[PDB]
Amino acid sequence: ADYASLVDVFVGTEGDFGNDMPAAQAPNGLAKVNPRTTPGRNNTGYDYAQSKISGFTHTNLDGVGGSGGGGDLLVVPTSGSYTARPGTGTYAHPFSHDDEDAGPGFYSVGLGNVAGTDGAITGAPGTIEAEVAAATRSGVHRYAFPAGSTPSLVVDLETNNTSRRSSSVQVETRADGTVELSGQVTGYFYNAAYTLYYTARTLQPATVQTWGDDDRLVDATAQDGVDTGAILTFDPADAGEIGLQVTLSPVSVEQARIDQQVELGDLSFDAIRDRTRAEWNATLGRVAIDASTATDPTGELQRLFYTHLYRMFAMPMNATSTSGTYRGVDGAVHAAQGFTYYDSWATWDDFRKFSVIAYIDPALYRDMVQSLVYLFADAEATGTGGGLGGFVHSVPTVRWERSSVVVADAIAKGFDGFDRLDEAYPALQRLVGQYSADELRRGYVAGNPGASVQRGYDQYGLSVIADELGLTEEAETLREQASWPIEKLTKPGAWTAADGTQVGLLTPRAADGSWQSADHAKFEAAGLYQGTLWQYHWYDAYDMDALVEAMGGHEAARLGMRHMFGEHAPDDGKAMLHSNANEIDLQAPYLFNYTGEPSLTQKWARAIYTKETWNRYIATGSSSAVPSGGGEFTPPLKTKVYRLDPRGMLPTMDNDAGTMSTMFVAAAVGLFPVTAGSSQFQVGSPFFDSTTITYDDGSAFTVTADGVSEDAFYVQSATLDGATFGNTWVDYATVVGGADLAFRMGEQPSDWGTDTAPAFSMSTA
């Protein structure tokens, strides 16, 4: 019933261990009411290890890198006074995790009172009780100040996790004495600027002063610049209850006002909070779990599951007004006709996540894909031919590579009626790019194996879209070019097995065709981004069949996969060639299904996600969080990859718009998308006795794992809708059609699935 209570929003909120936020937020909500720690923070604005909090920001990005995105509109409660633009140091309040409470839709904290004037502001007796909650587009605040205090709220419009580009504030005092503030914030993250409009109203009478770029605190009711803000001052009589309501719109201030009225009306703070909690319980309730003591003796695995399901519904964010409109990259307002438009993409990192969303919430997935299509269609409509990074985006956003694979994923899964797909296509083609004349002749990018395999997958994705558009010859060409990276860059005998077997591996190759020297296990060798050749070797997951053949045959692949996971030396951390910390080879644990050893896939799925494993690689060159260098743990570390702890992931292991969380959910369900852009999922090791996915029409997918335990993680046999089942993959249609997939589990590896019908490969389809 109350799934919300199982979510721990503090998981991954410490230091460099996930870069997630405890922010109050609704499912796929635009408004993200995040506490802000000081002097340290994680990328979202909050580091669990800190002991001071300034205030609450209203925009954000989940699990991203750099110094984080969003972080706009900082609201700081204070008993102090200002005569100039506030020093950010004066915002700091002591806090304790003992006086802090948060969950789906809400966050509460007891803040140490602060008082004084300007730079003399410091600790003062009493507590500012802070409560926030969130609706899709709105953040609501309720504060209690110590009796006798002159309550104040600073609205700081300079604050951003990366870069403030411009901001404005306009002040209105209404007949009842309450104040409304409105304007725009323009920020930047990674590739692009974005603009959001806001309205914020007090629920009690207030006076107001504003500041602009000259740091002067004045009575003027308008500011427009870069560093701007407002300071609200309330009557001491209202100390016991100070309320604020903030609403965001990518469209305009007037739309934000309309949204606030529709979304919040005259509802109380508690009602808004309760409603979002009910919305989370509906969302999380899409998956119902029965977890025995055998498999989850502490109850922590179930809590881990629902925490990560919660994280799965964060990005992309709802970027649609209550009037069914959105802002295009052309800078204009358009209709989201008969669907909700979502925006905020990090597709280079997160592309596999959508394949999972597809089987948990089909309708949400469809709207996401339709949105992605509109985004590229809008780019094309500008007629500039420019890439997406040259426009101002409607919400904070990241990057768009692999978009063709995501759209292809929906098409392959049987989704249709994607309006404006024909418009999206040429823009998707520009995103993917073309090999140069010389690259077309030789079949690859010289010295750049990474860019080559990436284009391979992009072109496969594009070939699916092309056929859907009736562009038959173009799809053929795309498929031909998509086969090149496997064929031309898999160097025969790059690694030699213990028995002499010659194993082909992804290797940089020169323009003239000679192979370039590389260490296949070295982080970022050969021009690679955030990985090794062993890891990028499996990248072209749309053609495992051709890859197996290029590697030197079935036995070569089988032995390569075992070497990949250090099976010959299970107690040597240096033998672990797979990385758990990054998304590059996320699919690797499930590739044993393709080499005739499904039991090893089962072992690794259960181990990585629910046990301690050997970890050799971090997600970046070095980390101050753990002894590390050259992209590795130095020494390799035996540890849990996922923890029910503020240190939630491995150090450096960013969640990346909920990707790592989504893969945890997929591992638990036991169905993993090795081939994004296909309709298939690979069978892993389902964690729970019973997992039921209920769809909107009342039908349900049910996967059972009879006798599953911490020790019994191997499949012994299986049935599908009552009949003997021996494949290690299942089609999307089977899942959403509401099948009953029943596994019998055991403590020893079995030969179940060793006679599987072949999974999808482009070359053999």
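Numbering starts at 1 and runs along the sequence shown.
Participant: Decide which of the stretches 521-529 and 245-253 has the higher mean C-alpha B-factor, going by the entry.
Facilitator: Result: 521-529.
Participant: Do the CA atoms of 137-145 or those of 420-428 have the higher mean B-factor in the entry?
Facilitator: That would be 420-428.
Participant: Check the PDB entry and point out which of 159, 678, 452, 514 has the largest C-alpha temperature factor.
Facilitator: Across 159, 678, 452, 514, the entry lists the biggest C-alpha B-factor for 514.
Participant: Highest Cα B-factor in the PDB entry belongs to which of 324, 651, 470, 104?
Facilitator: The listed residue with the largest C-alpha B-factor is 470.
Participant: Give the position of residue 14 by CA B-factor within its chain, expressed as the lowest, middle or highest third.
Facilitator: Bottom third by C-alpha B-factor.
Participant: Ranking the modelled residues of this chain by C-alpha B-factor as given in the entry, is residue 77 in the lowest, middle or highest third?
Facilitator: Bottom third by C-alpha B-factor.
Participant: What third of its chain's C-alpha B-factors does residue 402 belong to: lowest, middle or highest?
Facilitator: Tercile = lowest for this residue's CA B-factor.
Participant: Among the chain's modelled residues, which third holds the C-alpha B-factor of residue 284?
Facilitator: For residue 284, whose C-alpha B-factor we compare with every modelled residue in the chain, the answer is the middle third.
Participant: Would you please rank residue 732 by its C-alpha temperature factor against the other modelled residues of its chain and give the third it falls in: lowest, middle or highest?
Facilitator: Middle third by C-alpha B-factor.
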